[PDB]
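Asks: One structure follows; several queries about it will come next.
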Amino acid sequence: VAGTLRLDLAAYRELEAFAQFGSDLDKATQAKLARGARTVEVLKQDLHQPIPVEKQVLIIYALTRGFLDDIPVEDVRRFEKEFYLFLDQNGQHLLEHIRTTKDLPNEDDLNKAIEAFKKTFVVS
Amino acid sequence: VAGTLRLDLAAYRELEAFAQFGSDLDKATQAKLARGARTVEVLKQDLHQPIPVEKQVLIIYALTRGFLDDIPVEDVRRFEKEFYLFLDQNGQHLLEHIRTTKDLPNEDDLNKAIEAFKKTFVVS
Amino acid sequence: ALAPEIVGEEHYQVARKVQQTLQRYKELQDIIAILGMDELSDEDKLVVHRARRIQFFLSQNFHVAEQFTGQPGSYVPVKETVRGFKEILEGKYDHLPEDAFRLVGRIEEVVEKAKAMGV
Amino acid sequence: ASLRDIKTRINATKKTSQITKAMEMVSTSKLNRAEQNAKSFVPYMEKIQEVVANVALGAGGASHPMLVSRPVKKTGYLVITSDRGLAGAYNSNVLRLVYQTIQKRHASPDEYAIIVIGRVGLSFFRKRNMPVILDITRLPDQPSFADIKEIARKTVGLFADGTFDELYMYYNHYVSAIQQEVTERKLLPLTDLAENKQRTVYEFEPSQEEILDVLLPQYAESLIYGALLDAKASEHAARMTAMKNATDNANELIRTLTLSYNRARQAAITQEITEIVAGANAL
């Protein structure tokens, strides 16, 4: 999951200085800026609150697979918090699989879990 | 009289730093540029030519009040010389009052004397 | 010695104007290098046009340099120098190419060189 | 210190390079939309050109003054310029050509008139005291027909009222990202009109007089709109090219400054170490 995140962050850092132009190329530059803003919001963290590696993997996968493209940049943090809560509530099989195999679980199962959480998520 | 001159010069320099190519041409910017150019022209002086503090007070008063805003920049220096000559003959009581009380004379009398000199001045 | 009471009022004024226009041309150098001549205002074009010719006219051919170039050299009086620079500042020779001002001397040699070149 | 001065100059040049790159990207984005507008405008112009070619010649004589020349007493000049500068020679070429033609073929004090589109043209003709009748500025980056319909109608009416007997228009034509030529068109009165191969004749209702009297102003307005679109495309392309050249110049300046920065850094290190060693030896 790390490679795509690195590429997106590099593109956003390249194009960051020109973010206040909404008249840019509607296809490439706008999408890159929209992905980079959410990436930066995801990479933020609270003080003295470390995150388990499995939850980090899951949230970065969700960010890099486009599931966050519709969530507002200001609500990305809340999306992450309630995603962690939803995970520790009813994604114990995925968490245990990641912890005990060091490898990603089934893609379809992960996508279904993410979509199910997005169904119950509320946007301000 | 000279409290606002520092603000005037600061605005003039800040605008002139880019106004020669910016083409912003806003009305306030144009007025500020003209006022700053006139002030810069006023502030020039010749070697070994001291002038009394009362006459300095009067000339910066005329500059700041905007009475010379219509005078051409190239004509500003001749305007100042003619103003000193005119004060050497008329309005001498204003100079006496300034040098005796360390304060400005009545504003209306100074304004009407300035207007009289401006009327008798030949604009080139 | 560059004082109005020593060299004369006209000499002092011409020297001050030449220095002022040269300083303005020097200031415009960064903008010229970055954007080019296209972005200068209408009067800045004139400032550059006069300044290049003034800078070229400041050059001279020397008597001691004849053995290396063949140019006989010149001796320009101060009155002729002041008159030529005043004429250049007044815009009298704005049409001549700037190469005509390179290594001549008197102001008439500029006209002769331009006419020889074909202006 | 020279090191800090060079560092500040490098930072300022980098900021300028970034600004110019942003301007270039924005200019390319706007050029795309300008090309889209130019593509969209084609069918209406084609249809009106075919109709006027069919109706004006072959179907009858010169029933309207706009089809036949009259003795010249005044000339109308329409110039299209950008509202903002910062484009390479785009406005300069048009203004210079117009002024040169006016001075060398025209310009009795009351023999001409100017229609100005653009703040640059307004400032130019005000500074040179050139008389101007009509004015329009602050046009959108992608102007619509409703924006210039009023000014085109006013120009057509002024021509029809006999204020001036011929009208000329000057603008920049778009060819590629590099070439923007200045083109001159005798807009009025309709001296040249192409032949159309369809050769279709309708039953005029009413007679062709009113048909032509309604059709010709629309043709003139369409021509004006097409010229405006071409001018906008040329302006965007010129701005893009100028910004690219500015970025290249900034990069060259940056590297030439980095060389001096390295030299000054070495000199400073040498001086500091020499002073420290001399102070140590002094004891």
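Simple scheme: letters A, B, ... for chains in structure tokens order, numbers from 1 for residues in each chain, numbers from 1 for ligands in the order shown.
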Based on the backbone DSSP call, show me all residues of range 22-91 of chain C assigned alpha helix (DSSP H), as a PyMOL selection string.

Replies: chain C and resi 22-27+29-34+42-57+66-69+78-89

Asks: Tell me as a ChimeraX atom specification which residues belonging to chain D come within 9 Å of chain B, counting only C-alpha atoms.

Replies: /D:84-86

Asks: Can you write out as CSV which residues of chain C fall within 8 Å of chain D, alongside each residue's closest atom pair and its distance in Å to one decimal, counting only C-alpha atoms and ordering rows by chain and ascending residue number?

Replies:
residue,atom,partner,partner_atom,distance
C:33,CA,D:249,CA,7.1
C:34,CA,D:249,CA,5.6
C:35,CA,D:246,CA,5.5
C:38,CA,D:88,CA,5.8
C:39,CA,D:86,CA,6.3

Asks: After a least-squares superposition on chain B using every in-order C-alpha pair, I'd like chain A written out as a PDB file with C-alpha atoms, in the first residue's frame.

Replies:
ATOM      1  CA  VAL A   1       2.425  66.920  10.392  1.00  0.00           C
ATOM      2  CA  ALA A   2       5.178  64.295  10.521  1.00  0.00           C
ATOM      3  CA  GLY A   3       2.945  61.244  10.999  1.00  0.00           C
ATOM      4  CA  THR A   4       0.971  61.526   7.769  1.00  0.00           C
ATOM      5  CA  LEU A   5       4.191  62.179   5.850  1.00  0.00           C
ATOM      6  CA  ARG A   6       5.715  59.030   7.349  1.00  0.00           C
ATOM      7  CA  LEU A   7       2.653  56.966   6.415  1.00  0.00           C
ATOM      8  CA  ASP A   8       2.642  58.272   2.839  1.00  0.00           C
ATOM      9  CA  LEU A   9       6.366  57.615   2.444  1.00  0.00           C
ATOM     10  CA  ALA A  10       5.962  54.082   3.808  1.00  0.00           C
ATOM     11  CA  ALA A  11       3.148  53.346   1.353  1.00  0.00           C
ATOM     12  CA  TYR A  12       5.148  54.751  -1.563  1.00  0.00           C
ATOM     13  CA  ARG A  13       8.201  52.705  -0.582  1.00  0.00           C
ATOM     14  CA  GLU A  14       6.014  49.595  -0.432  1.00  0.00           C
ATOM     15  CA  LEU A  15       4.499  50.215  -3.878  1.00  0.00           C
ATOM     16  CA  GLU A  16       7.489  51.870  -5.578  1.00  0.00           C
ATOM     17  CA  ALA A  17       8.734  48.812  -7.478  1.00  0.00           C
ATOM     18  CA  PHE A  18       5.478  48.600  -9.477  1.00  0.00           C
ATOM     19  CA  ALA A  19       5.216  52.244 -10.561  1.00  0.00           C
ATOM     20  CA  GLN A  20       5.479  51.581 -14.312  1.00  0.00           C
ATOM     21  CA  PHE A  21       2.024  49.920 -14.353  1.00  0.00           C
ATOM     22  CA  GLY A  22      -0.704  52.445 -15.085  1.00  0.00           C
ATOM     23  CA  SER A  23      -3.252  49.616 -15.205  1.00  0.00           C
ATOM     24  CA  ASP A  24      -3.301  49.133 -11.419  1.00  0.00           C
ATOM     25  CA  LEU A  25      -6.271  49.918  -9.183  1.00  0.00           C
ATOM     26  CA  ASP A  26      -7.302  53.401 -10.272  1.00  0.00           C
ATOM     27  CA  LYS A  27      -8.417  54.356  -6.749  1.00  0.00           C
ATOM     28  CA  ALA A  28      -5.869  53.170  -4.182  1.00  0.00           C
ATOM     29  CA  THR A  29      -2.573  52.412  -5.922  1.00  0.00           C
ATOM     30  CA  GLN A  30      -2.638  55.354  -8.345  1.00  0.00           C
ATOM     31  CA  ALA A  31      -3.362  57.873  -5.580  1.00  0.00           C
ATOM     32  CA  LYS A  32      -0.660  56.388  -3.352  1.00  0.00           C
ATOM     33  CA  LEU A  33       1.900  56.564  -6.167  1.00  0.00           C
ATOM     34  CA  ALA A  34       0.913  60.143  -7.022  1.00  0.00           C
ATOM     35  CA  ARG A  35       1.270  61.229  -3.394  1.00  0.00           C
ATOM     36  CA  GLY A  36       4.557  59.372  -2.940  1.00  0.00           C
ATOM     37  CA  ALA A  37       6.203  60.891  -6.006  1.00  0.00           C
ATOM     38  CA  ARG A  38       5.406  64.401  -4.780  1.00  0.00           C
ATOM     39  CA  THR A  39       6.588  63.475  -1.279  1.00  0.00           C
ATOM     40  CA  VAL A  40       9.933  62.304  -2.673  1.00  0.00           C
ATOM     41  CA  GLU A  41      10.247  65.481  -4.742  1.00  0.00           C
ATOM     42  CA  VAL A  42       9.478  67.614  -1.677  1.00  0.00           C
ATOM     43  CA  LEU A  43      12.054  65.817   0.477  1.00  0.00           C
ATOM     44  CA  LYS A  44      14.829  66.740  -1.973  1.00  0.00           C
ATOM     45  CA  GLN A  45      17.115  69.626  -1.059  1.00  0.00           C
ATOM     46  CA  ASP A  46      19.906  71.735  -2.523  1.00  0.00           C
ATOM     47  CA  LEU A  47      23.460  71.625  -1.214  1.00  0.00           C
ATOM     48  CA  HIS A  48      24.583  74.072   1.495  1.00  0.00           C
ATOM     49  CA  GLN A  49      21.098  75.648   1.716  1.00  0.00           C
ATOM     50  CA  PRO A  50      19.441  74.780   5.041  1.00  0.00           C
ATOM     51  CA  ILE A  51      15.753  75.577   5.458  1.00  0.00           C
ATOM     52  CA  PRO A  52      14.118  77.213   8.509  1.00  0.00           C
ATOM     53  CA  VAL A  53      11.891  74.971  10.595  1.00  0.00           C
ATOM     54  CA  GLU A  54       8.796  77.138  10.090  1.00  0.00           C
ATOM     55  CA  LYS A  55       9.127  76.966   6.300  1.00  0.00           C
ATOM     56  CA  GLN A  56       9.708  73.213   6.533  1.00  0.00           C
ATOM     57  CA  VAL A  57       6.525  72.860   8.593  1.00  0.00           C
ATOM     58  CA  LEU A  58       4.517  74.948   6.137  1.00  0.00           C
ATOM     59  CA  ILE A  59       5.725  73.114   3.026  1.00  0.00           C
ATOM     60  CA  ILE A  60       5.193  69.675   4.565  1.00  0.00           C
ATOM     61  CA  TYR A  61       1.705  70.744   5.682  1.00  0.00           C
ATOM     62  CA  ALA A  62       0.932  71.894   2.140  1.00  0.00           C
ATOM     63  CA  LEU A  63       2.182  68.583   0.740  1.00  0.00           C
ATOM     64  CA  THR A  64       0.281  66.458   3.264  1.00  0.00           C
ATOM     65  CA  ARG A  65      -3.022  68.346   2.957  1.00  0.00           C
ATOM     66  CA  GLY A  66      -3.343  67.582  -0.763  1.00  0.00           C
ATOM     67  CA  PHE A  67      -2.714  71.108  -2.057  1.00  0.00           C
ATOM     68  CA  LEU A  68       0.119  69.761  -4.237  1.00  0.00           C
ATOM     69  CA  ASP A  69      -1.925  66.979  -5.858  1.00  0.00           C
ATOM     70  CA  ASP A  70      -2.467  68.997  -9.049  1.00  0.00           C
ATOM     71  CA  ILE A  71       1.060  70.441  -9.304  1.00  0.00           C
ATOM     72  CA  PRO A  72       3.276  68.406 -11.672  1.00  0.00           C
ATOM     73  CA  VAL A  73       5.983  66.247 -10.131  1.00  0.00           C
ATOM     74  CA  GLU A  74       8.616  68.046 -12.209  1.00  0.00           C
ATOM     75  CA  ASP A  75       7.326  71.452 -11.048  1.00  0.00           C
ATOM     76  CA  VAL A  76       7.081  70.531  -7.348  1.00  0.00           C
ATOM     77  CA  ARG A  77      10.550  71.991  -6.711  1.00  0.00           C
ATOM     78  CA  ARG A  78       9.687  75.293  -8.395  1.00  0.00           C
ATOM     79  CA  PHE A  79       6.412  75.341  -6.469  1.00  0.00           C
ATOM     80  CA  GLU A  80       8.432  75.021  -3.261  1.00  0.00           C
ATOM     81  CA  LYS A  81      10.864  77.790  -4.234  1.00  0.00           C
ATOM     82  CA  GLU A  82       8.183  80.323  -5.142  1.00  0.00           C
ATOM     83  CA  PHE A  83       6.185  79.234  -2.083  1.00  0.00           C
ATOM     84  CA  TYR A  84       9.155  80.165   0.100  1.00  0.00           C
ATOM     85  CA  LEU A  85       9.430  83.485  -1.745  1.00  0.00           C
ATOM     86  CA  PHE A  86       5.702  84.170  -1.319  1.00  0.00           C
ATOM     87  CA  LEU A  87       5.995  83.268   2.365  1.00  0.00           C
ATOM     88  CA  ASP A  88       8.931  85.563   3.098  1.00  0.00           C
ATOM     89  CA  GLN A  89       7.099  88.269   1.138  1.00  0.00           C
ATOM     90  CA  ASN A  90       3.611  88.258   2.688  1.00  0.00           C
ATOM     91  CA  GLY A  91       3.173  85.481   5.286  1.00  0.00           C
ATOM     92  CA  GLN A  92       5.196  87.130   8.016  1.00  0.00           C
ATOM     93  CA  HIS A  93       2.331  86.856  10.506  1.00  0.00           C
ATOM     94  CA  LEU A  94       2.169  83.078  10.040  1.00  0.00           C
ATOM     95  CA  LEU A  95       5.958  82.767  10.217  1.00  0.00           C
ATOM     96  CA  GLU A  96       6.131  84.848  13.403  1.00  0.00           C
ATOM     97  CA  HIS A  97       3.282  82.899  15.002  1.00  0.00           C
ATOM     98  CA  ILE A  98       5.020  79.596  14.280  1.00  0.00           C
ATOM     99  CA  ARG A  99       8.367  80.903  15.536  1.00  0.00           C
ATOM    100  CA  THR A 100       6.955  82.363  18.757  1.00  0.00           C
ATOM    101  CA  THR A 101       4.452  79.621  19.671  1.00  0.00           C
ATOM    102  CA  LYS A 102       5.977  76.396  18.235  1.00  0.00           C
ATOM    103  CA  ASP A 103       2.429  75.535  17.121  1.00  0.00           C
ATOM    104  CA  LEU A 104       0.506  75.658  13.866  1.00  0.00           C
ATOM    105  CA  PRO A 105      -1.448  78.829  13.015  1.00  0.00           C
ATOM    106  CA  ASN A 106      -5.156  78.946  12.194  1.00  0.00           C
ATOM    107  CA  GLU A 107      -6.071  76.265   9.667  1.00  0.00           C
ATOM    108  CA  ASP A 108      -8.393  78.548   7.700  1.00  0.00           C
ATOM    109  CA  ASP A 109      -5.757  81.287   7.456  1.00  0.00           C
ATOM    110  CA  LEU A 110      -3.116  78.796   6.321  1.00  0.00           C
ATOM    111  CA  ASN A 111      -5.462  77.300   3.720  1.00  0.00           C
ATOM    112  CA  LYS A 112      -6.376  80.760   2.420  1.00  0.00           C
ATOM    113  CA  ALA A 113      -2.689  81.659   2.103  1.00  0.00           C
ATOM    114  CA  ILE A 114      -1.937  78.425   0.239  1.00  0.00           C
ATOM    115  CA  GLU A 115      -4.870  78.928  -2.140  1.00  0.00           C
ATOM    116  CA  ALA A 116      -3.839  82.543  -2.747  1.00  0.00           C
ATOM    117  CA  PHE A 117      -0.328  81.404  -3.661  1.00  0.00           C
ATOM    118  CA  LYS A 118      -1.726  78.683  -5.927  1.00  0.00           C
ATOM    119  CA  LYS A 119      -3.760  81.349  -7.732  1.00  0.00           C
ATOM    120  CA  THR A 120      -0.601  83.230  -8.749  1.00  0.00           C
ATOM    121  CA  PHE A 121       1.512  80.110  -9.335  1.00  0.00           C
ATOM    122  CA  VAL A 122       2.194  79.237 -12.983  1.00  0.00           C
ATOM    123  CA  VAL A 123       2.523  75.654 -14.242  1.00  0.00           C
ATOM    124  CA  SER A 124       4.867  74.788 -17.107  1.00  0.00           C
TER     125      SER A 124
END

Asks: I'd like the interatomic distance between CA of residue 142 in chain D and CA of residue 175 in chain D, to a tenth of an Å.

Replies: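 CA of residue 175 in chain D lies 18.4 Å from CA of residue 142 in chain D.
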